[PDB]
Structures are given as C-alpha cells and as structure tokens.
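This text opens with one protein chain seen in two forms, each one given by itself as structure tokens under the names structure 1 and structure 2.
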Structure 1
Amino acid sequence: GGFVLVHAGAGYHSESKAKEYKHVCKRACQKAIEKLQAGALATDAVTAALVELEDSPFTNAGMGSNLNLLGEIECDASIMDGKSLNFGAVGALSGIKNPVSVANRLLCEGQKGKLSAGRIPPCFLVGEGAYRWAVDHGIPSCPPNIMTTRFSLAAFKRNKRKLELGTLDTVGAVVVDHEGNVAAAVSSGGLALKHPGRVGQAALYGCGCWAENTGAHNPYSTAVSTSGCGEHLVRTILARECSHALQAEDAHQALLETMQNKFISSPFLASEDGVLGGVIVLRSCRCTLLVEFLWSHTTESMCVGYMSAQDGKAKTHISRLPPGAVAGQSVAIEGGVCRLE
C-alpha cells in the first residue's frame, strides 16, 4: 500500500532526450516505493525519491545544477509532512551533494523540538550557515569538481559569453503512505546565471511544495510539488494555492481553474509575456484509501512518473501541450485514480 508521483521538470523535453528524463523518474519512483514497503515515514520516502532525482547529472538540482554568475553551485530545496504539518528547507546551499537531505533533517529535528525542546528549531537555513549545520549533523559534503559536470561548466562559459554580447529541469515528488499520510518535496539549482545568494521557489514555504493531511477544514490529504519559472511560482504561492483548491469535490476542474485563474491570469504576473510552471498533485481520502493524482503545466512539456506499491511497475510520461496550444498561455492537465489497501 503506497503511491508516489514525481517530476523531472516543466519546460521542454526533446524527443531525443525524453528517454533519459523518464528513466530518472522511473528510478525515483522505485526508491520511494522501496521505502514505503520497508515501513518508512512518508517524508523519508519522498526524500529517497528526491535524492535519486538530484543525483542525476541531467537535472537542475544537486549534482548538475546550473552554475550561477560566479560559476558556483547554490541549491534550494524544501520538504513538508502532511501529518505533522512540519517543514524543512535550505536556500543558496553550496558544498552539499543532496540539499533535500538537509531539508529533511531540519524537518526531523523540528519534530524533536515539539516533544518539549526549548524554542522551535530552525525550519529554514541558508548559505554558509546551512552548510555548517549540515556538516555538524553528519551530512556528506561534496567538492565543486563533483557538483559541476563538463556540460554545466561548458554552458556556464557559453552563457557568460552571451551576456558580454535546461534551467527548468528542476525536480519534485509527492507521496502518500498506507495510512493516508502525505508528503512533498522539491529541489532546484535555480536560474542559470543567477546572482550569488538568489533564492528561488524551491526554498520558500508554500511556494515550492505543500503537504497537508485531512483536517477539520481539509477533507482530503493533499500534497503538491512545483516546477517551472521560480519567480512565477513564488509570486503566486502556487503549491499551497493548488492544495487549497483541491478541497473542492472535482479535483480535475479545481486544478484546471487554479492554473488558469490563479496562475496564467493572475494579476501578480500580469506584466509577464507568458507564464511558465507545472505541478504534480496527490489527493487522498479514507473510505482503503482512494488516491487521485494529477499533473498540470503551462510549459511546452513536463516529465512525470508515478507508481503504486501494489501495482509494481512505474509509469513514466512526457506530458505535452496539444497542437494549437501556446506555451505560457494555455494549460495541459491529466490525471488518474488508484485505490490503496
């Protein structure tokens, strides 16, 4: 009993490179299910998925991240637990191989702080301090020669040159365990030639991801993860906005109206010539657990992968805008249902 849905970016996935994108999404789903079947917490499950997605040298997160203006790697990552509603995140973090692991550990410590442990522990750390906290907590440090790849280094030089004259490939995942507990996480390398210290949506509470279990004013346990233009997702606090919209009976219609009204037609992005973003969503309710999963995006395409523990084989797919639709002006949306024991 368990379900996972992951994504490897919302932007453009060429037919020639589609294969690679889907393969990492497949592996990420398996890592997540393994954790669930092994009795792990939902958060540890999404973290396992994200570690796999970050580790791919082809994703703008962890190893392979876009090099900033100075040719350095600074990552943003966050995670949320639907049961405890606790959160963990890091921004402008360099020197660490798996940013999500740090965000996960901040979340874990935060949980330890609830059982009477002085003032609330930090949920958000950035830069040098985030690095120090990671190391001091036993998290593996990673050298620049390992975080950087020949290709990212080469893109850096090109980008620099183009100034004197891919980045949308971020990652995310959502999971629901057999008890109905959900969790979500997101990780990113940020904009390709960003100014040092720039923090994007992947580190911001409510913007990058969201996870909230069923409650008095929350009939469904919901989890959301985002991708696309970081700035667009932040100004609209998209993840949380999608989670709240999903409380409506018709999930597909609620997500569609959100992407159209609260995103594309949002007054907060009125000055933009095209709004770019995508989301993966999970909604669950106890009856067995009925799970509804969906993905929506305004980008050319979005790579997704999902898997049910009882089913066994991951399904991967590149969602594309239909003929006629225009990237940044229209919305693509697809989904399905699965019942868990």
Structure 2
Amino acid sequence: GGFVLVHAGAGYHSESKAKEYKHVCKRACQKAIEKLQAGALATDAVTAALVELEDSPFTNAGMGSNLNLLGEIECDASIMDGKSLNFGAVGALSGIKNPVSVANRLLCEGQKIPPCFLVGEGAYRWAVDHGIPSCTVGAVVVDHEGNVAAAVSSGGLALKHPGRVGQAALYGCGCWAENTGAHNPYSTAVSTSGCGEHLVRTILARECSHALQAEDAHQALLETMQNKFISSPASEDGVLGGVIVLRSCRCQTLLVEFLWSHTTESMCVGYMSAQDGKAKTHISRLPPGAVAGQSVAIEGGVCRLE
C-alpha cells in the first residue's frame, strides 16, 4: 500500500513540451510506488521520484538546470521525514548529478549530532566521500502505515549569482513532512515551487502544513495561497509558485487527501496509488481571463488505502 504525488514544475505554459512533463511525472510516480511496494522507507520513495524528475532535461533541476551568471549549474535540494522530523539539504551544489541524493544521504546519516545542511564545495566533497556520482521539482509520499516524507530540488534562478541559495534548500520553506502528532491530527507533507526573483517570504511549506490541520483541506490550502502569493504582496506583483500537498489519517484504512495549487500559468503533476497501480498525470492551467500572479488554480482528489 502507498501513495505518491509529484510535480515537474510550475511556470510558463509549454504545449511544445507539455507532454514530456507528463511522461516524467509518470515514471517518477512508478519509481516511488515500486520503492514503497518493495518495503523501502518513505524518504527513499520520495528520493526516487525526485531523481527521476531531476534527470529530465526539461526540468529546472539536476540535468537541465538553469545556468548561473558563470554559465555553471548550482543546485538546491531538501528532504524531510515525517516519522523522525529529520531533514537533509544541500545548497549551491555543483557537479553532482542528483542533489536530492546528497540530501537524502545527509538525512539517513542523521538518523544514526551529524550535519543536516551542507553547501558549495563543502557539500560537493562530502557527497563524493559518501559515494555519490559526479558531473523546481517536488514529491510528497505516504506509505501504507501513515508515514509521510517530502522533497524538493531546484536549479534556482537563471543567471543567479554564484553561491546564491533559494527556497528549495531551506528548512520549512521548500518542503515539509510531519506525521500525526499530539497537535497534528493529520500526517502532512508539502513540497513547494517558487518562480522569479519575487518569492514568498514565509516558511511556505511549514505554513501549508499548519494550515492543513483545519477541517476543510481544500478551503484551507486555497486561503493560504491567496494570502501568501497574491494578498500579502503591499505594492509588489503576484508571486508565481506552485505547491503539492497531502494529508493522511487512520480510520485498518488510510484516508489520503491530496492537492496541488499554483499561480503560475500552469503546472504539471503526477500521482499514483500502490493499490491500483494506475499512474495519472494532468497539466493544470489557469482559467482564461486570469493573468498569472493574481489567480490561484487548485485541484485535488481523495484516496482510501489499506
């Protein structure tokens, strides 16, 4: 049993490539559901989804990331585990194929006070000393027991200054994962996506997880997005971004609400239950007559598991 939601980016519409994003989201979901169905951890299954999305040449992450001011690729990534609340993250990482891998390994290292956030050359050498190959996308996962994990990985802004680290590397901002707890009736997972130099100035992922502790998830996430992306930005333009989201609870059955929302003119997502094994994709668009920056698209389904 298990479930996985992924996204391959929230930005400008590209019918040109819109069907390439659908294909990679599919393979990312399948990779994650195999991992789960083989009994691997949630953080492992989420890392599988992300390796696959990063490897797409069309995703601003891993291979294909935007080049910085120096015509180089510098990556950010982060992952977080719901059961342990442990976290792994890399910033400004160069010459590593799959950043999310460094971030995951940093997390498993921490689960055995180890480092949890490494950047630049420090991050690069650590990564090689731990056996990881040389030379924005996101996933959230729940396993058949209610354990959630989340992850995110970006190439950041095009022509960004060298060493410039953005939301995907930062605790609470790029992704978040938090199992049912005394104050969380729901296990929740969030992965976000930012766009343009204009970016939310909150702990977005963490905010969305707290918001999703209300009773009506759909309304709960829609109000967050309205506040953080549109509303809060006195004299600034709308914030371009996406977010994916899932919350779960036990009632021997797992209830899993799942959602995506975005102010960009579109965003391609991908989901799949282990029970059915049917991998669904869907390119979400903004409704016409709605310009990006002040409209919020939002969509979701639910899913019962064993």
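Take the two forms, find the largest set of C-alpha atoms that superpose within 1.5 Å, and that set is the rigid core. Structure 1 provides the reference sequence; residues are numbered from 1 along it.
The one residue among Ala130, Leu233, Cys242, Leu106 whose Cα position changes by 2 Å or more between structure 1 and structure 2, with the core held fixed by superposition, is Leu233. Summarising the core-aligned comparison between structure 1 and structure 2, the C-alpha atom of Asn261 is found to shift 1.7 Å.
For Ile79, the Cα deviation between structure 1 and structure 2 after core superposition amounts to 0.1 Å.
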